[PDB]
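Novice: First, the structure itself, so that you have it in front of you.
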2 protein chains.
Amino acid sequence: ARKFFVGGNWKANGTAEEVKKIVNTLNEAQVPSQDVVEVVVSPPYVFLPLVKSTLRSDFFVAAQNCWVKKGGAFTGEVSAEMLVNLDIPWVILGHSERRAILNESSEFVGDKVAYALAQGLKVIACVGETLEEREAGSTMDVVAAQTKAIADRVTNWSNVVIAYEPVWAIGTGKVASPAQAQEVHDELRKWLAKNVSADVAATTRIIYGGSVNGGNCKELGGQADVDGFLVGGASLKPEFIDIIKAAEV
Amino acid sequence: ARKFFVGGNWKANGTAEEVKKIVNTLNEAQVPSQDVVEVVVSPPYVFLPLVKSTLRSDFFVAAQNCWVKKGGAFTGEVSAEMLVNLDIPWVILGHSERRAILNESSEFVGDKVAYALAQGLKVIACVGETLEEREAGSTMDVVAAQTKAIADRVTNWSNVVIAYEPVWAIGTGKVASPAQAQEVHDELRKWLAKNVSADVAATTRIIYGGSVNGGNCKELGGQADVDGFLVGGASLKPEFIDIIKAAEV
Ligand code: NA
Ligand code: NA
C-alpha cells in the first residue's frame, strides 16, 4: 500500500516568531504513526535552518524550489547541493505559482526534478491545469504533457511524489469535488502505468494540491487514487494537524 | 564625498562549513574605518541567518534577490518584509544573471527596487549591457533604459547604490579598461543629474560590478565616478579583504 503523504507548503509567508509558533504546534501534535503517514513541511529558504534544527525528527523539511543545475553564477538561486549540505531532504518543484508567475516551463521543471533527484533530494513534483485549459477540454493533455517532461528525465521514481493542483479551482470561484480530484488522479496513475511502468504507477504517491481543510480532508483522502495532500494556507495553522489526521483508520 | 562601497556577491555558492570559514576570515580582517568604506556581504538565502548572527557588526548583510511585492502565494520566493524580520539590511536587485537567465525585465526590477525601499531595505540596483548591445552602440541606451525603469519608481535615493555590470566583458573574452568603466559611470551619473537631480547624482554611489581583483581594484577605485565594487568570485576568498582595502589613503 502507498504511504499517505501530507506536505505543507508555507509559500512566501513567515517571521522568526511565527515559525517558532508553527514548529512548537507541530512538535506538540499527536498524529498517526510514521507507518501510516509521511509529513513534510516547506518553509521559505531563509527559515529552512531554523525549522530543520527545531522540528520533531519524525517530520521532514522541504525547500519550496531549487536551481535547475549545479550552483555558481546564478545570483538569487539556491542549489540542490546547498539543501543537501543543510540536511534538507525534500524540495517542491514545478508549483503552479512558479509555472504561471515565474514562467517555469514543463522542460525547466523536468530538468529541476532530475537534478534534485541526482543530488539525493526527494521531490514533490507539481502538475495541474488552468481554468482556460480545463474548459478547453485539455485537462489530461496538460497534466500528461507536464508529467511527460518529468518522466522523460527521471529513471528512478522511488523519491518522487506527484502533486496535482487543480489551478482551475484556485481563485476562480470554481470548486473541485472529491470525484473530480479522483478522476484526474486515476487518469494520471493510468498514464504512469502506460508510459513508465505498472510498478511505478502502483507505488508512486499522487497527492491532491487543491483546497484542503478539516472539512474535506477525509473524503478526499479516501479516494482510491488520492494518496494525501499538498496543503497551502492551512499549513501555517493548527488545522494542518487535522489534515495529517486524515491518514487515521 | 561619497563613501566607498564594497559589496561581495557570493552568488549560488556555499556550504555551512565554507560560510563559517568566510565569516571567520572577514571577522579577522583589518580594513579601513567605517568612515571611509561601507562593506556588504551577500550570501544565498539559506545562509542569511548564519551570516547575520556571526558576522562582525560593522559589516552588513544583503540578500541576492527578493520578491516584487508583499509575500503570500508565491511558492519559492522571499519577501522584502521576511528580510526586514531577519534584520537583513541590504538586497541586490536586477543582477545581470537574473535579468538574463531568469528573464527579469527592467520594469520588474524597478518594481522590486521600489517595494524593497518601501519596506526599509537598502538596495544595490544592478544595470549593464551585453556584448551584442555594446557592439550595436547601445551601451548608454540600455543602461539609461534600465536605470529609468528604477528612477520612475523611486522617490528617495538615500538607500540606493547603483552597480554597473559590464556584462559584455563577463565570459566573452573582452576585457574592460578602467577608462571604459569610468566612461559608463560618468555618463550614468550625468544621466542621474539630468533625469533625477544634481544632488542625487553627486551623492549616489555607482559601483563597478565587472571583474574586480587585488590587481585592478586600486586603479578602478581611483576613477572619478567609480565609488566601489560589486565583487563576484573574489567575495568568497581572502582576496575580498584586499578589494575592501582599495578604499585606503
Ligand atoms: Na486514498
Ligand atoms: Na572613485
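Ligands are numbered from 1 in the order shown, chains are lettered A, B, ... in the order of the C-alpha cells, and residues start at 1 in each chain.
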Hey, which residues come within 8 Å of ligand 1 if we count only C-alpha atoms and all ligand atoms? Could you give them as a ChimeraX atom specification?
Specialist: /A:4,220-228
Novice: Those selected residues, please, written with N, CA, C and O atoms and delivered as a compact mmCIF listing (two decimals), in the first residue's frame.
Specialist:
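Dumped everything to again.txt:
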```txt
# COMPACT_ATOMS: atom_id res chain seq x y z
N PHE A 4 0.41 7.25 2.96
CA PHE A 4 -0.29 8.55 2.92
C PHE A 4 0.74 9.64 3.19
O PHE A 4 1.62 9.46 4.06
N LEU A 220 -11.59 13.42 0.59
CA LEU A 220 -10.55 13.48 -0.46
C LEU A 220 -9.54 12.36 -0.22
O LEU A 220 -9.17 11.68 -1.19
N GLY A 221 -9.10 12.20 1.02
CA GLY A 221 -8.08 11.19 1.36
C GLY A 221 -8.55 9.77 1.07
O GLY A 221 -7.71 8.91 0.80
N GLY A 222 -9.85 9.52 1.17
CA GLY A 222 -10.43 8.18 0.99
C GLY A 222 -10.55 7.79 -0.48
O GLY A 222 -10.91 6.63 -0.76
N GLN A 223 -10.30 8.72 -1.40
CA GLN A 223 -10.41 8.41 -2.85
C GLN A 223 -9.34 7.38 -3.21
O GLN A 223 -8.22 7.46 -2.67
N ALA A 224 -9.68 6.43 -4.07
CA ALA A 224 -8.81 5.29 -4.43
C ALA A 224 -7.45 5.79 -4.91
O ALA A 224 -6.45 5.14 -4.62
N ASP A 225 -7.38 6.92 -5.61
CA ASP A 225 -6.10 7.30 -6.24
C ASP A 225 -5.53 8.57 -5.62
O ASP A 225 -4.56 9.14 -6.18
N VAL A 226 -6.11 9.04 -4.52
CA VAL A 226 -5.54 10.21 -3.79
C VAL A 226 -4.72 9.69 -2.61
O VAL A 226 -5.28 9.03 -1.74
N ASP A 227 -3.44 10.03 -2.56
CA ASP A 227 -2.52 9.41 -1.57
C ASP A 227 -2.15 10.42 -0.48
O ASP A 227 -1.20 10.14 0.26
N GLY A 228 -2.83 11.56 -0.44
CA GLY A 228 -2.50 12.63 0.50
C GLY A 228 -2.68 14.00 -0.11
O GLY A 228 -3.45 14.14 -1.09
```
Novice: Using only C-alpha atoms, what does the table of chain A residues within 9 Å of chain B look like, with each row giving the shortest atom pair and its distance in Å to one decimal, sorted by chain and ascending number, as a tab-separated table?
Specialist:
```
residue	atom	partner	partner_atom	distance
A:9	CA	B:75	CA	7.7
A:10	CA	B:75	CA	7.8
A:11	CA	B:75	CA	4.3
A:12	CA	B:72	CA	4.9
A:13	CA	B:72	CA	5.6
A:14	CA	B:82	CA	7.0
A:15	CA	B:85	CA	6.1
A:16	CA	B:85	CA	7.2
A:43	CA	B:76	CA	9.0
A:44	CA	B:78	CA	6.5
A:45	CA	B:46	CA	5.2
A:46	CA	B:46	CA	4.9
A:47	CA	B:46	CA	7.3
A:48	CA	B:46	CA	6.6
A:49	CA	B:46	CA	7.0
A:50	CA	B:49	CA	8.7
A:63	CA	B:76	CA	7.6
A:64	CA	B:76	CA	4.6
A:65	CA	B:76	CA	5.1
A:66	CA	B:76	CA	8.0
A:67	CA	B:12	CA	8.9
A:70	CA	B:12	CA	8.8
A:71	CA	B:12	CA	5.0
A:72	CA	B:12	CA	4.9
A:73	CA	B:11	CA	5.6
A:74	CA	B:12	CA	5.4
A:75	CA	B:11	CA	4.3
A:76	CA	B:64	CA	4.6
A:77	CA	B:12	CA	5.5
A:78	CA	B:12	CA	5.8
A:79	CA	B:12	CA	6.6
A:81	CA	B:15	CA	8.6
A:82	CA	B:15	CA	6.3
A:83	CA	B:46	CA	8.3
A:85	CA	B:15	CA	6.1
A:86	CA	B:16	CA	7.2
A:92	CA	B:76	CA	8.6
A:95	CA	B:75	CA	6.8
A:96	CA	B:75	CA	8.5
A:97	CA	B:74	CA	5.9
A:98	CA	B:75	CA	6.6
A:101	CA	B:74	CA	8.0
A:102	CA	B:102	CA	8.3
A:232	CA	B:73	CA	8.4
A:233	CA	B:73	CA	8.6
```
Novice: Kindly compile the residues surrounding ligand 2 within 12 Å, counting only C-alpha atoms and all ligand atoms, and format them as JSON, numbers by chain.
Specialist: {"B": [1, 2, 3, 4, 5, 6, 36, 37, 178, 181, 182, 185, 186, 205, 206, 207, 208, 217, 218, 219, 220, 221, 222, 223, 224, 225, 226, 227, 228, 229, 246, 247, 248, 249]}
Novice: Would you save the residues of that selection, restricted to N, CA, C and O atoms, as a compact mmCIF listing (two decimals), in the first residue's frame?
Specialist:
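File produced: part-v5.txt:
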```txt
# COMPACT_ATOMS: atom_id res chain seq x y z
N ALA B 1 31.69 64.03 0.27
CA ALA B 1 32.28 62.95 -0.57
C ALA B 1 31.44 61.67 -0.41
O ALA B 1 30.91 61.45 0.69
N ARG B 2 31.31 60.89 -1.48
CA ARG B 2 30.57 59.60 -1.48
C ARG B 2 31.41 58.52 -0.81
O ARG B 2 32.58 58.34 -1.22
N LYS B 3 30.82 57.81 0.15
CA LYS B 3 31.56 56.80 0.94
C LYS B 3 31.75 55.57 0.06
O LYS B 3 30.76 55.05 -0.47
N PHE B 4 33.00 55.16 -0.09
CA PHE B 4 33.41 53.99 -0.89
C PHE B 4 32.64 52.78 -0.40
O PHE B 4 32.44 52.63 0.83
N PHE B 5 32.19 51.95 -1.32
CA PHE B 5 31.23 50.87 -1.04
C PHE B 5 31.73 49.59 -1.70
O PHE B 5 31.97 49.58 -2.92
N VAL B 6 31.90 48.55 -0.91
CA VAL B 6 32.37 47.24 -1.44
C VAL B 6 31.34 46.18 -1.06
O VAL B 6 31.11 45.90 0.17
N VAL B 36 35.40 55.51 5.96
CA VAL B 36 35.93 55.56 4.57
C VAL B 36 35.43 54.39 3.73
O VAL B 36 35.50 54.52 2.52
N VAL B 37 34.91 53.31 4.30
CA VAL B 37 34.37 52.22 3.45
C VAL B 37 33.17 51.58 4.14
O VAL B 37 33.18 51.45 5.36
N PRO B 178 39.89 50.34 -16.94
CA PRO B 178 39.42 51.36 -16.02
C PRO B 178 38.82 52.58 -16.75
O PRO B 178 37.84 53.09 -16.24
N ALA B 181 35.28 51.69 -17.77
CA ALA B 181 34.41 51.71 -16.57
C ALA B 181 34.06 53.16 -16.25
O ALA B 181 32.87 53.50 -16.15
N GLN B 182 35.08 54.01 -16.18
CA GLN B 182 34.90 55.44 -15.83
C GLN B 182 33.90 56.09 -16.80
O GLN B 182 33.03 56.84 -16.32
N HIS B 185 30.35 55.05 -15.92
CA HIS B 185 29.99 55.64 -14.60
C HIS B 185 29.70 57.13 -14.78
O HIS B 185 28.71 57.61 -14.22
N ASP B 186 30.54 57.83 -15.54
CA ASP B 186 30.40 59.29 -15.74
C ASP B 186 29.08 59.56 -16.48
O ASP B 186 28.30 60.41 -16.04
N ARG B 205 26.21 56.45 -4.74
CA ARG B 205 27.35 55.58 -5.10
C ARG B 205 26.99 54.81 -6.38
O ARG B 205 25.90 54.21 -6.47
N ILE B 206 27.89 54.85 -7.34
CA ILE B 206 27.84 53.99 -8.54
C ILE B 206 29.06 53.08 -8.45
O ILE B 206 30.19 53.58 -8.61
N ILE B 207 28.81 51.80 -8.22
CA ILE B 207 29.90 50.81 -8.01
C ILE B 207 30.09 49.97 -9.27
O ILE B 207 29.15 49.78 -10.06
N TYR B 208 31.31 49.48 -9.45
CA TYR B 208 31.72 48.73 -10.65
C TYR B 208 31.54 47.24 -10.36
O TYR B 208 32.14 46.75 -9.40
N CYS B 217 41.94 46.66 -8.42
CA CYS B 217 40.95 47.36 -7.56
C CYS B 217 41.39 48.82 -7.31
O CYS B 217 40.52 49.68 -7.32
N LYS B 218 42.67 49.11 -7.17
CA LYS B 218 43.12 50.49 -6.83
C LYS B 218 42.91 51.41 -8.05
O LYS B 218 42.43 52.54 -7.86
N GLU B 219 43.23 50.96 -9.26
CA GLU B 219 43.12 51.82 -10.45
C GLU B 219 41.63 52.05 -10.72
O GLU B 219 41.25 53.17 -11.05
N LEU B 220 40.80 51.02 -10.57
CA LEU B 220 39.35 51.16 -10.79
C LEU B 220 38.77 52.07 -9.71
O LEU B 220 37.97 52.96 -10.04
N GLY B 221 39.14 51.84 -8.45
CA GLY B 221 38.60 52.61 -7.32
C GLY B 221 38.94 54.09 -7.41
O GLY B 221 38.18 54.92 -6.90
N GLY B 222 40.07 54.42 -8.02
CA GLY B 222 40.57 55.81 -8.12
C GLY B 222 39.86 56.60 -9.21
O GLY B 222 40.09 57.82 -9.31
N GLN B 223 39.03 55.95 -10.03
CA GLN B 223 38.32 56.67 -11.12
C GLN B 223 37.33 57.64 -10.49
O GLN B 223 36.73 57.32 -9.46
N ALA B 224 37.20 58.83 -11.08
CA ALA B 224 36.39 59.94 -10.54
C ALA B 224 34.96 59.47 -10.26
O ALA B 224 34.37 59.92 -9.28
N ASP B 225 34.40 58.59 -11.08
CA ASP B 225 32.96 58.28 -10.92
C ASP B 225 32.74 56.84 -10.47
O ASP B 225 31.57 56.36 -10.50
N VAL B 226 33.80 56.13 -10.09
CA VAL B 226 33.66 54.76 -9.53
C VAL B 226 33.72 54.85 -8.01
O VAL B 226 34.74 55.29 -7.48
N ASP B 227 32.68 54.40 -7.32
CA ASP B 227 32.56 54.62 -5.87
C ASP B 227 32.79 53.32 -5.10
O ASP B 227 32.48 53.29 -3.91
N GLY B 228 33.26 52.28 -5.78
CA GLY B 228 33.45 50.96 -5.16
C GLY B 228 33.11 49.84 -6.12
O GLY B 228 33.16 50.06 -7.35
N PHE B 229 32.75 48.69 -5.57
CA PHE B 229 32.66 47.45 -6.38
C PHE B 229 31.50 46.59 -5.90
O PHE B 229 31.19 46.60 -4.68
N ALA B 246 41.11 48.75 -1.13
CA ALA B 246 41.14 49.77 -2.21
C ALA B 246 40.64 51.12 -1.69
O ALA B 246 40.97 52.13 -2.31
N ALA B 247 39.87 51.14 -0.59
CA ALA B 247 39.33 52.40 0.00
C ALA B 247 40.44 53.25 0.64
O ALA B 247 40.23 54.48 0.76
N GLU B 248 41.58 52.64 1.00
CA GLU B 248 42.64 53.26 1.85
C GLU B 248 43.30 54.45 1.15
O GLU B 248 43.38 54.45 -0.10
N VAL B 249 43.77 55.42 1.95
CA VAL B 249 44.56 56.61 1.51
C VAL B 249 46.04 56.38 1.87
O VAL B 249 46.36 55.94 2.97
```
Novice: Do you have the CA of residue 100 (chain A)-CA of residue 124 (chain B) distance handy?
Specialist: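 Atom-to-atom, CA of residue 100 (chain A) and CA of residue 124 (chain B) are spaced 27.6 Å apart.
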Novice: Please return, as a PyMOL selection string, all residues of region 119-235 of chain B that DSSP assigns to alpha helix (DSSP H) on the basis of the backbone.
Specialist: chain B and resi 131-135+139-151+178-195+198-203+217-221
Novice: Write a file of the just-selected residues containing C-alpha atoms, as a short mmCIF file (atom, residue, chain, number, x, y, z; two decimals), in the first residue's frame.
Specialist:
```
data_model
loop_
_atom_site.label_atom_id
_atom_site.label_comp_id
_atom_site.auth_asym_id
_atom_site.auth_seq_id
_atom_site.Cartn_x
_atom_site.Cartn_y
_atom_site.Cartn_z
CA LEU B 131 28.34 42.40 -25.78
CA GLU B 132 25.67 42.48 -28.57
CA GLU B 133 24.23 45.72 -27.06
CA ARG B 134 27.70 47.37 -26.70
CA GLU B 135 28.80 46.38 -30.24
CA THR B 139 25.59 50.90 -24.10
CA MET B 140 24.08 54.12 -22.69
CA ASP B 141 20.65 53.47 -24.38
CA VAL B 142 20.47 50.17 -22.42
CA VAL B 143 21.97 51.45 -19.12
CA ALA B 144 19.71 54.58 -19.24
CA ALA B 145 16.57 52.45 -20.00
CA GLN B 146 17.38 50.08 -17.10
CA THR B 147 18.11 53.00 -14.73
CA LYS B 148 14.97 54.90 -15.91
CA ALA B 149 12.72 51.93 -15.04
CA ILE B 150 14.12 52.18 -11.45
CA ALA B 151 14.15 56.04 -11.32
CA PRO B 178 39.42 51.36 -16.02
CA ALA B 179 38.86 54.14 -18.67
CA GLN B 180 35.89 52.14 -20.10
CA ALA B 181 34.41 51.71 -16.57
CA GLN B 182 34.90 55.44 -15.83
CA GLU B 183 33.16 56.43 -19.14
CA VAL B 184 29.98 54.45 -18.28
CA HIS B 185 29.99 55.64 -14.60
CA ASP B 186 30.40 59.29 -15.74
CA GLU B 187 27.62 59.05 -18.41
CA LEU B 188 25.33 57.28 -15.88
CA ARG B 189 25.96 59.94 -13.19
CA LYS B 190 25.28 62.71 -15.83
CA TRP B 191 22.00 60.85 -16.66
CA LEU B 192 21.04 60.91 -12.90
CA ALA B 193 21.88 64.64 -12.75
CA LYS B 194 19.52 65.45 -15.71
CA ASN B 195 16.72 62.92 -15.03
CA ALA B 198 22.19 67.23 -9.32
CA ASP B 199 22.05 66.29 -5.56
CA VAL B 200 21.15 62.63 -6.31
CA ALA B 201 23.89 62.41 -8.98
CA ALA B 202 26.51 63.90 -6.55
CA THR B 203 25.55 61.63 -3.58
CA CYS B 217 40.95 47.36 -7.56
CA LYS B 218 43.12 50.49 -6.83
CA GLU B 219 43.12 51.82 -10.45
CA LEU B 220 39.35 51.16 -10.79
CA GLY B 221 38.60 52.61 -7.32
#
```
Novice: How many Å separate CA of residue 168 (chain A) from CA of residue 129 (chain A)?
Specialist: 6.4 Å
Novice: Work out how far CA of residue 32 (chain B) is from CA of residue 62 (chain B), in Å to one decimal.
Specialist: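 These atoms are spaced 20.3 Å apart.
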Novice: List as a VMD selection string the protein and nucleic acid residues near residue 55 (chain A), meaning an atom at most 12 Å away when only C-alpha atoms are counted, but skip any in the same chain fewer than 4 places from it.
Specialist: chain A and resid 19 to 29 39 to 43 47 to 51 59 to 61 88
Novice: Out of region 4-217 of chain A, which residues get strand (DSSP E) from DSSP, as a PDB file with N, CA, C and O atoms, in the first residue's frame?
Specialist:
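And here is the file that came out, states-v4.pdb:
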```pdb
ATOM      1  N   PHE A   4       0.409   7.246   2.963  1.00  0.00           N
ATOM      2  CA  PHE A   4      -0.286   8.548   2.916  1.00  0.00           C
ATOM      3  C   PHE A   4       0.742   9.637   3.186  1.00  0.00           C
ATOM      4  O   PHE A   4       1.616   9.459   4.056  1.00  0.00           O
ATOM      5  N   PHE A   5       0.648  10.727   2.447  1.00  0.00           N
ATOM      6  CA  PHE A   5       1.687  11.776   2.413  1.00  0.00           C
ATOM      7  C   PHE A   5       1.019  13.129   2.556  1.00  0.00           C
ATOM      8  O   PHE A   5       0.123  13.460   1.759  1.00  0.00           O
ATOM      9  N   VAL A   6       1.428  13.891   3.557  1.00  0.00           N
ATOM     10  CA  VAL A   6       0.865  15.245   3.778  1.00  0.00           C
ATOM     11  C   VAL A   6       2.017  16.246   3.778  1.00  0.00           C
ATOM     12  O   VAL A   6       2.932  16.189   4.666  1.00  0.00           O
ATOM     13  N   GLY A   7       2.026  17.087   2.759  1.00  0.00           N
ATOM     14  CA  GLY A   7       3.007  18.170   2.624  1.00  0.00           C
ATOM     15  C   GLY A   7       2.357  19.479   2.988  1.00  0.00           C
ATOM     16  O   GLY A   7       1.178  19.691   2.633  1.00  0.00           O
ATOM     17  N   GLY A   8       3.089  20.353   3.659  1.00  0.00           N
ATOM     18  CA  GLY A   8       2.584  21.687   3.988  1.00  0.00           C
ATOM     19  C   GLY A   8       3.426  22.739   3.322  1.00  0.00           C
ATOM     20  O   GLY A   8       4.606  22.904   3.729  1.00  0.00           O
ATOM     21  N   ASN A   9       2.858  23.413   2.333  1.00  0.00           N
ATOM     22  CA  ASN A   9       3.580  24.444   1.560  1.00  0.00           C
ATOM     23  C   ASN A   9       3.273  25.787   2.204  1.00  0.00           C
ATOM     24  O   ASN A   9       2.160  26.272   2.033  1.00  0.00           O
ATOM     25  N   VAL A  37       1.559   7.606   7.958  1.00  0.00           N
ATOM     26  CA  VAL A  37       1.611   8.939   7.295  1.00  0.00           C
ATOM     27  C   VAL A  37       3.043   9.463   7.311  1.00  0.00           C
ATOM     28  O   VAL A  37       3.745   9.250   8.290  1.00  0.00           O
ATOM     29  N   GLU A  38       3.433  10.072   6.188  1.00  0.00           N
ATOM     30  CA  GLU A  38       4.701  10.794   5.978  1.00  0.00           C
ATOM     31  C   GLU A  38       4.375  12.283   5.882  1.00  0.00           C
ATOM     32  O   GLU A  38       3.553  12.675   5.014  1.00  0.00           O
ATOM     33  N   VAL A  39       4.992  13.088   6.733  1.00  0.00           N
ATOM     34  CA  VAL A  39       4.648  14.520   6.892  1.00  0.00           C
ATOM     35  C   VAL A  39       5.852  15.365   6.510  1.00  0.00           C
ATOM     36  O   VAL A  39       6.946  15.126   7.040  1.00  0.00           O
ATOM     37  N   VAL A  40       5.633  16.327   5.620  1.00  0.00           N
ATOM     38  CA  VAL A  40       6.701  17.212   5.111  1.00  0.00           C
ATOM     39  C   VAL A  40       6.237  18.648   5.249  1.00  0.00           C
ATOM     40  O   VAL A  40       5.067  18.951   4.893  1.00  0.00           O
ATOM     41  N   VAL A  41       7.109  19.504   5.746  1.00  0.00           N
ATOM     42  CA  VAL A  41       6.754  20.932   5.931  1.00  0.00           C
ATOM     43  C   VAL A  41       7.757  21.753   5.138  1.00  0.00           C
ATOM     44  O   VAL A  41       8.931  21.433   5.179  1.00  0.00           O
ATOM     45  N   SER A  42       7.275  22.780   4.447  1.00  0.00           N
ATOM     46  CA  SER A  42       8.078  23.534   3.465  1.00  0.00           C
ATOM     47  C   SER A  42       8.068  25.031   3.764  1.00  0.00           C
ATOM     48  O   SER A  42       7.210  25.781   3.300  1.00  0.00           O
ATOM     49  N   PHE A  60       9.489  15.971   8.247  1.00  0.00           N
ATOM     50  CA  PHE A  60      10.593  16.257   7.314  1.00  0.00           C
ATOM     51  C   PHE A  60      10.418  17.650   6.728  1.00  0.00           C
ATOM     52  O   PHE A  60       9.285  18.154   6.642  1.00  0.00           O
ATOM     53  N   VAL A  61      11.530  18.231   6.308  1.00  0.00           N
ATOM     54  CA  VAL A  61      11.557  19.628   5.817  1.00  0.00           C
ATOM     55  C   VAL A  61      11.789  19.613   4.309  1.00  0.00           C
ATOM     56  O   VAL A  61      12.629  18.801   3.826  1.00  0.00           O
ATOM     57  N   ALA A  62      11.055  20.462   3.589  1.00  0.00           N
ATOM     58  CA  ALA A  62      11.250  20.674   2.137  1.00  0.00           C
ATOM     59  C   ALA A  62      11.566  22.133   1.845  1.00  0.00           C
ATOM     60  O   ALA A  62      10.901  22.981   2.424  1.00  0.00           O
ATOM     61  N   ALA A  63      12.446  22.397   0.877  1.00  0.00           N
ATOM     62  CA  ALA A  63      12.535  23.714   0.216  1.00  0.00           C
ATOM     63  C   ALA A  63      11.352  23.855  -0.762  1.00  0.00           C
ATOM     64  O   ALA A  63      10.762  22.826  -1.252  1.00  0.00           O
ATOM     65  N   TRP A  90      13.787  17.250   1.273  1.00  0.00           N
ATOM     66  CA  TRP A  90      12.720  17.365   0.246  1.00  0.00           C
ATOM     67  C   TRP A  90      12.820  18.706  -0.480  1.00  0.00           C
ATOM     68  O   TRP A  90      13.353  19.694   0.085  1.00  0.00           O
ATOM     69  N   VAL A  91      12.248  18.745  -1.679  1.00  0.00           N
ATOM     70  CA  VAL A  91      12.045  20.007  -2.436  1.00  0.00           C
ATOM     71  C   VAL A  91      10.722  19.901  -3.202  1.00  0.00           C
ATOM     72  O   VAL A  91      10.384  18.813  -3.733  1.00  0.00           O
ATOM     73  N   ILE A  92       9.962  20.987  -3.201  1.00  0.00           N
ATOM     74  CA  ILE A  92       8.778  21.158  -4.073  1.00  0.00           C
ATOM     75  C   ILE A  92       9.275  21.727  -5.399  1.00  0.00           C
ATOM     76  O   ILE A  92       9.974  22.762  -5.390  1.00  0.00           O
ATOM     77  N   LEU A  93       8.890  21.109  -6.508  1.00  0.00           N
ATOM     78  CA  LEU A  93       9.311  21.617  -7.832  1.00  0.00           C
ATOM     79  C   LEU A  93       8.099  21.722  -8.744  1.00  0.00           C
ATOM     80  O   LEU A  93       7.207  20.862  -8.668  1.00  0.00           O
ATOM     81  N   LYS A 122      14.567  14.290  -2.241  1.00  0.00           N
ATOM     82  CA  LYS A 122      13.226  13.755  -2.542  1.00  0.00           C
ATOM     83  C   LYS A 122      12.388  14.910  -3.072  1.00  0.00           C
ATOM     84  O   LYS A 122      12.585  16.057  -2.615  1.00  0.00           O
ATOM     85  N   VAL A 123      11.520  14.626  -4.043  1.00  0.00           N
ATOM     86  CA  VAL A 123      10.859  15.698  -4.827  1.00  0.00           C
ATOM     87  C   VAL A 123       9.355  15.552  -4.756  1.00  0.00           C
ATOM     88  O   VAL A 123       8.841  14.462  -5.027  1.00  0.00           O
ATOM     89  N   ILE A 124       8.689  16.650  -4.432  1.00  0.00           N
ATOM     90  CA  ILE A 124       7.235  16.811  -4.685  1.00  0.00           C
ATOM     91  C   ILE A 124       7.112  17.521  -6.028  1.00  0.00           C
ATOM     92  O   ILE A 124       7.380  18.722  -6.094  1.00  0.00           O
ATOM     93  N   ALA A 125       6.798  16.776  -7.080  1.00  0.00           N
ATOM     94  CA  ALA A 125       6.709  17.334  -8.447  1.00  0.00           C
ATOM     95  C   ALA A 125       5.257  17.724  -8.720  1.00  0.00           C
ATOM     96  O   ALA A 125       4.378  16.839  -8.666  1.00  0.00           O
ATOM     97  N   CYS A 126       5.018  18.999  -8.993  1.00  0.00           N
ATOM     98  CA  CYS A 126       3.653  19.543  -9.147  1.00  0.00           C
ATOM     99  C   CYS A 126       3.255  19.661 -10.610  1.00  0.00           C
ATOM    100  O   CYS A 126       4.089  20.089 -11.445  1.00  0.00           O
ATOM    101  N   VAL A 127       1.996  19.331 -10.869  1.00  0.00           N
ATOM    102  CA  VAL A 127       1.343  19.469 -12.195  1.00  0.00           C
ATOM    103  C   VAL A 127      -0.054  20.026 -11.971  1.00  0.00           C
ATOM    104  O   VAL A 127      -0.570  19.965 -10.808  1.00  0.00           O
ATOM    105  N   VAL A 160      10.042  10.287  -5.659  1.00  0.00           N
ATOM    106  CA  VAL A 160       9.103  11.269  -6.262  1.00  0.00           C
ATOM    107  C   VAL A 160       7.722  11.080  -5.664  1.00  0.00           C
ATOM    108  O   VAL A 160       7.244   9.930  -5.559  1.00  0.00           O
ATOM    109  N   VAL A 161       7.108  12.210  -5.347  1.00  0.00           N
ATOM    110  CA  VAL A 161       5.656  12.325  -5.091  1.00  0.00           C
ATOM    111  C   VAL A 161       5.092  13.313  -6.116  1.00  0.00           C
ATOM    112  O   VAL A 161       5.661  14.410  -6.274  1.00  0.00           O
ATOM    113  N   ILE A 162       4.023  12.950  -6.804  1.00  0.00           N
ATOM    114  CA  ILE A 162       3.358  13.891  -7.752  1.00  0.00           C
ATOM    115  C   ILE A 162       2.234  14.599  -7.017  1.00  0.00           C
ATOM    116  O   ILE A 162       1.436  13.909  -6.333  1.00  0.00           O
ATOM    117  N   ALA A 163       2.184  15.923  -7.128  1.00  0.00           N
ATOM    118  CA  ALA A 163       1.072  16.727  -6.590  1.00  0.00           C
ATOM    119  C   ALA A 163       0.243  17.261  -7.753  1.00  0.00           C
ATOM    120  O   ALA A 163       0.795  17.928  -8.630  1.00  0.00           O
ATOM    121  N   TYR A 164      -1.043  16.940  -7.775  1.00  0.00           N
ATOM    122  CA  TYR A 164      -1.999  17.504  -8.757  1.00  0.00           C
ATOM    123  C   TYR A 164      -2.629  18.756  -8.158  1.00  0.00           C
ATOM    124  O   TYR A 164      -3.314  18.679  -7.127  1.00  0.00           O
ATOM    125  N   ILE A 206       0.392  10.031  -5.462  1.00  0.00           N
ATOM    126  CA  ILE A 206      -0.174  11.201  -6.166  1.00  0.00           C
ATOM    127  C   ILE A 206      -1.031  11.930  -5.147  1.00  0.00           C
ATOM    128  O   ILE A 206      -2.085  11.390  -4.750  1.00  0.00           O
ATOM    129  N   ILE A 207      -0.580  13.110  -4.747  1.00  0.00           N
ATOM    130  CA  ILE A 207      -1.253  13.894  -3.680  1.00  0.00           C
ATOM    131  C   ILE A 207      -2.059  15.036  -4.303  1.00  0.00           C
ATOM    132  O   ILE A 207      -1.733  15.524  -5.398  1.00  0.00           O
ATOM    133  N   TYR A 208      -3.102  15.447  -3.603  1.00  0.00           N
ATOM    134  CA  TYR A 208      -4.060  16.464  -4.074  1.00  0.00           C
ATOM    135  C   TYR A 208      -3.608  17.820  -3.540  1.00  0.00           C
ATOM    136  O   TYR A 208      -3.499  17.965  -2.319  1.00  0.00           O
TER     137      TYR A 208
END
```
